Amino acid sequence: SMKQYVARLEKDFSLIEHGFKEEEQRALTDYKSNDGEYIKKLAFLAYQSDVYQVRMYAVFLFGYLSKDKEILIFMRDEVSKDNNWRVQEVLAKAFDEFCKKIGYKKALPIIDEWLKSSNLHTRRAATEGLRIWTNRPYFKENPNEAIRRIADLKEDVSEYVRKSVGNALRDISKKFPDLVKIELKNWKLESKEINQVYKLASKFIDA
Ligand SMILES: [Cl-]
Ligand code: NA
């Protein structure tokens, strides 16, 4: 039964102290081996586990299932409430999986929606999940479309978000240093928040 399978996952995954590949691989196999109706039921049951590793497994399933708007909304609104930081990392990966499946250019309205969400975890999942942004389709040929979107969050009230924003710009600066330099030149570094983001973003820029 489904309940018995979740119990097995709890026994097996609770031993895993680091990483995410074991949970990811199992989620992928299960997603590919069963019809969507079944796997959606399993993902919701697994996500209620008190074992965070099993919730990680469930959020990978959500990512594979995320063409279903109901699943994507649950990711946006409910998984974003998870108190476990490792689950939050998987949320970022599952969002990236959504974007990859529908296509990054086609995903832009959703990316913009998540970046403007009220939940800081929703904003961070988008910023972090797409790193390195300019390695992704669309953004790799249009790097300012990534830089501008990330830089919009440079005054975010959340330090969690700001660290992701600064790091995401930092990523891009390693392959497009002039474009990041050009973006940063306009910043008025007056707040504690923007200076934190600037310090992360500008490490490899000859400003
Ligand atoms: Cl990457
Ligand atoms: Na990553």
Side-chain angles (χ1 to χ4, degrees), residues 18-21 23-24 27 43 47 52-53 55-66 69 71-102 104 107-139 143-174 180 183-184 187 189 191-203:
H18 303 285
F20 58 87
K21 289 190 173 179
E23 294 96 336
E24 189 175 30
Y47 184 69
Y52 74 82
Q53 292 95 331
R55 299 205 305 280
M56 291 168 57
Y57 163 90
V59 177
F60 281 119
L61 289 181
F62 289 145
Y64 300 135
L65 295 164
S66 55
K69 290 175 180 181
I71 298 297
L72 184 61
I73 286 167
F74 191 83
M75 292 166 50
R76 191 190 63 198
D77 289 345
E78 299 295 331
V79 177
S80 56
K81 299 174 181 175
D82 207 285
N83 62 25
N84 186 280
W85 69 267
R86 293 180 182 273
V87 178
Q88 291 287 342
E89 295 295 346
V90 175
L91 176 58
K93 299 175 182 295
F95 183 70
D96 187 43
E97 178 69 25
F98 168 73
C99 293
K100 181 186 179 186
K101 294 190 76 149
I102 68 162
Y104 286 90
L108 289 178
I110 304 303
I111 292 165
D112 291 337
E113 172 194 322
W114 281 50
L115 293 174
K116 297 169 190 303
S117 174
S118 61
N119 192 325
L120 65 88
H121 292 98
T122 307
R123 305 197 294 282
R124 194 270 189 181
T127 310
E128 187 72 17
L130 272 58
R131 295 177 64 197
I132 296 166
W133 280 60
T134 45
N135 282 353
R136 311 283 186 287
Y138 182 71
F139 295 114
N144 278 336
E145 290 308 310
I147 291 170
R148 165 181 71 77
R149 280 179 167 86
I150 295 157
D152 277 339
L153 278 65
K154 65 192 178 297
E155 308 264 11
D156 204 276
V157 298
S158 164
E159 186 174 3
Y160 188 55
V161 172
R162 289 193 306 274
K163 285 175 182 172
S164 183
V165 172
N167 289 323
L169 291 168
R170 197 179 175 112
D171 297 330
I172 298 173
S173 80
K174 288 165 201 174
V180 174
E183 165 69 37
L184 296 186
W187 294 14
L189 300 177
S191 69
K192 152 195 165 185
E193 289 81 7
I194 197 178
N195 276 285
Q196 177 174 18
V197 171
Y198 180 83
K199 186 178 175 176
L200 289 166
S202 70
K203 176 73 72 184

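One-based numbering along the sequence shown. Both backbone and side-chain heavy atoms feed into the values below; hydrogens, waters and symmetry mates do not.
Under the rule for a side-chain contact (heavy atoms from CB on, under 4.5 Å), the partners of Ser164 that lie at least two apart in sequence or sit in another chain are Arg124, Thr127, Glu128. Checked against side-chain contact (heavy atoms from CB on, under 4.5 Å), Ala94 has the following partners two or more places apart in sequence or in another chain: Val59, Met75.
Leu72 contributes atom CG, which lies 6.0 Å from atom CD1 of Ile110 (distance to the nearest 0.5 angstrom). The OG atom of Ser66 sits 6.5 Å away from atom CD of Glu97, with the distance rounded to the nearest 0.5 Å. For the atom pair CZ (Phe139) and CD1 (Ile147), the distance works out to 11.0 Å, reported to the nearest 0.5 Å. Of the inter-residue distances, the one linking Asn84 atom CG with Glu89 atom CD reads 10.0 Å to the nearest 0.5 angstrom. A distance of 12.5 Å separates CE in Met56 from CG in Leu61, rounded to the nearest 0.5 Å. One finds the CD atom of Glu23 at 12.0 Å from the CZ atom of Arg55 (value rounded to the nearest 0.5 Å).
Listed for the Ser117 side chain is no donor-acceptor partner under 3.5 Å among the backbone atoms of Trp114. Distance alone, capped at 3.5 Å, places no donor-acceptor pair between the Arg149 side chain and the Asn144 backbone.
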Practice prompt. Could you check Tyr104 against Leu130 for side-chain contact (heavy atoms from CB on, under 4.5 Å), going step by step and ending with a plain yes or no?
Written response: CA-CA 10 Å; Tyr104 286 90; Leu130 272 58; 4.2 Å; yes
Worksheet item: Given the rule in the side-chain contact (heavy atoms from CB on, under 4.5 Å) test, do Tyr198 and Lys154 qualify, once you have shown the distances and angles that lead to the verdict?
Response: CA-CA 8 Å; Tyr198 180 83; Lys154 65 192 178 297; over 6 Å; no
Worksheet item: Is there a side-chain contact (heavy atoms from CB on, under 4.5 Å) between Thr122 and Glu113 once you walk through the steps?
Response: CA-CA 9 Å; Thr122 307; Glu113 172 194 322; over 6 Å; no
Item to complete: May I have the step-by-step check of salt bridge (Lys or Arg N to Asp or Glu O under 4.0 Å) for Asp96 and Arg131, ending in yes or no?
Response: CA-CA 9 Å; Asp96 187 43; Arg131 295 177 64 197; over 6 Å; no
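Using a cutoff of 4.0 Å between basic side-chain nitrogens and carboxylate oxygens, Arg148 and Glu145 are scored as salt-bridged. Between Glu78 and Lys81 there is a salt bridge, since at least one side-chain N of the basic residue sits less than 4.0 Å from a carboxylate O of the acidic one.
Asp156 pairs with exactly one of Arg162, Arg123, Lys163 by the salt bridge (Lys or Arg N to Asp or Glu O under 4.0 Å) rule, that one being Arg123. For the ring pair (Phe, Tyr, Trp, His ring centres under 6.0 Å) with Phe62, the lone residue among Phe98, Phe74, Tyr57 that qualifies is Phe74. Of the options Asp171, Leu169, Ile111, a side chain to side chain contact (heavy atoms under 4.5 Å, CB included) to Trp133 is made by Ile111 and by none of the others.
Here the side chains of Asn195 and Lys192 are not in contact, with every heavy-atom distance at 4.5 Å or above. A heavy-atom distance below 4.5 Å is not found between the side chains of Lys100 and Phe95.
Under a cutoff of 6.0 Å and an axis angle of 45°, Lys93 and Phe20 form a cation-pi pair.
When all heavy atoms are compared, the tightest approach of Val180 to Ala201 is CG1-O, 4.3 Å. In plain terms, the two heavy atoms of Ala126 and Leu115 that are nearest each other are CB-CD2, 3.7 Å. In terms of heavy atoms, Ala43 sits closest to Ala58 at O-CB, 3.5 Å. Taking each heavy atom of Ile172 and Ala146 in turn, the nearest pair found is CD1-CB, 4.1 Å. Listed here is the closest heavy atom pair of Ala27 and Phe60: CB-CB, 3.6 Å.
Under a cut-off of 6.0 angstrom, the local environment of NZ in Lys199 is sparse, with at most 12 non-hydrogen atoms contributed by other residues, nucleotides or ligands. Atom NZ of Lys174 has more than 12 neighbouring heavy atoms from other residues, nucleotides or ligands inside a 6.0 Å radius.
Of the N and O atoms on the side chains of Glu155 and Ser191, at least one donor lies less than 3.5 Å from an acceptor on the other residue. With no hydrogens or angles considered, a side-chain donor-acceptor pair links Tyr47 and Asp82 at under 3.5 Å.
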